[PDB]
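Q: The data below comprise the sequence and an experimental structure of the protein.
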Amino acid sequence: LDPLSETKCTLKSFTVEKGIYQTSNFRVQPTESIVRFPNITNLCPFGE
Amino acid sequence: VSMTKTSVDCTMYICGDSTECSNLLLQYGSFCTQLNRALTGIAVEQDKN
Ligand SMILES: *[C@@H]1O[C@H](CO[C@@H]2O[C@@H](C)[C@@H](O)[C@@H](O)[C@@H]2O)[C@@H](O[C@@H]2O[C@H](CO)[C@@H](O)[C@H](O)[C@H]2NC(C)=O)[C@H](O)[C@H]1NC(C)=O
């Protein structure tokens, strides 16, 4: 919900004593996907 | 008198950005939280010292 709720949830307590508490590390997530394959048009001769 | 304070994200070390590995690591229970509780206790003590 908010950073205090994440401390209550990490301490496993509905009350939090005075302090500084470490919590889930933040991390920026993907904006989009990329694929980069060598440009090849001809199919492989599996029939042969 | 003291040593380097460290913190180690048990998820990013074990599973770095994989979700499949996170859902498997959850089957061990509290071991990641216990490791961070240990390294935080060492780190707070470097300032006490
Ligand atoms: C191997 O051959 C089968 C079918 O045999 C040939 O089918 C015709 C295309 C013609 O060449 C006949 O003289 C041969 O008997 C191929 O199977 C087909 O595969 C495509 C997809 O690639 C599918 O749309 C068709 O419905 C399939 N038809 C049949 C009958 O199987 C198969 O692709 C061939 N394998 C390779 C590696 O070329």
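A: Received it, and whenever you're ready, just let me know what you need. Numbering: from 1, shown residues only, chains lettered A, B, ... in the order given.

Q: Residue of chain B closest to chain A, please.
A: residue B:9 (5.1 Å; Cβ to the nearest Cβ). C-beta coordinates here come from the backbone N, C-alpha and C atoms, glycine included.

Q: In contact with the closest residue to that residue other than its chain neighbours, which residues?
A: Distances taken as Cβ to Cβ, 6 or more residues apart in numbering or on different chains place residue A:25 nearest to residue B:9, at 5.1 Å, with adjacent residues excluded. Residue A:25 makes contact with B:9, B:11-12 under the criterion Cβ atoms under 8 Å, 6 or more residues apart in numbering or on different chains.

Q: So which of those residues is the closest to residue A:5?
A: residue B:11 (20.0 Å; Cβ to Cβ).

Q: can you count the residues close to the closest one?
A: Other residues near residue B:11 come to 18 when the count uses other Cβ atoms under 10 Å in any protein chain shown.

Q: Residue in chain A with the shortest distance to chain B?
A: Closest point on chain A to chain B, by Cβ to the nearest Cβ, is residue A:25, at 5.1 Å.

Q: quick one: the spatially most central residue of chain A from residue A:6, how far?
A: By Cα atoms, centre = their mean, chain A has its centre lying nearest to residue A:29, at 5.7 Å. For residue A:29, the distance to residue A:6 (Cβ to Cβ, to the nearest Å) stands at 18 Å.

Q: How about residue A:34?
A: 32 Å.

Q: Looking at these two, which is more packed in?
A: Shown here are residue A:34 and residue A:6; by other Cβ under 10 Å, residue A:6 has more neighbours (13 against 5).

Q: So which bits of stretch B:12-31 are buried?
A: Of the residues in stretch B:12-31, B:14-15, B:25 count as buried by neighbour count, 16 or more other Cβ atoms under 10 Å in any protein chain shown.

Q: Among those, which one sits closest to residue B:49?
A: Nearest to residue B:49 out of the buried residues of stretch B:12-31 is residue B:14 (Cβ to Cβ; 29.9 Å).

Q: With that, I have no additional questions.
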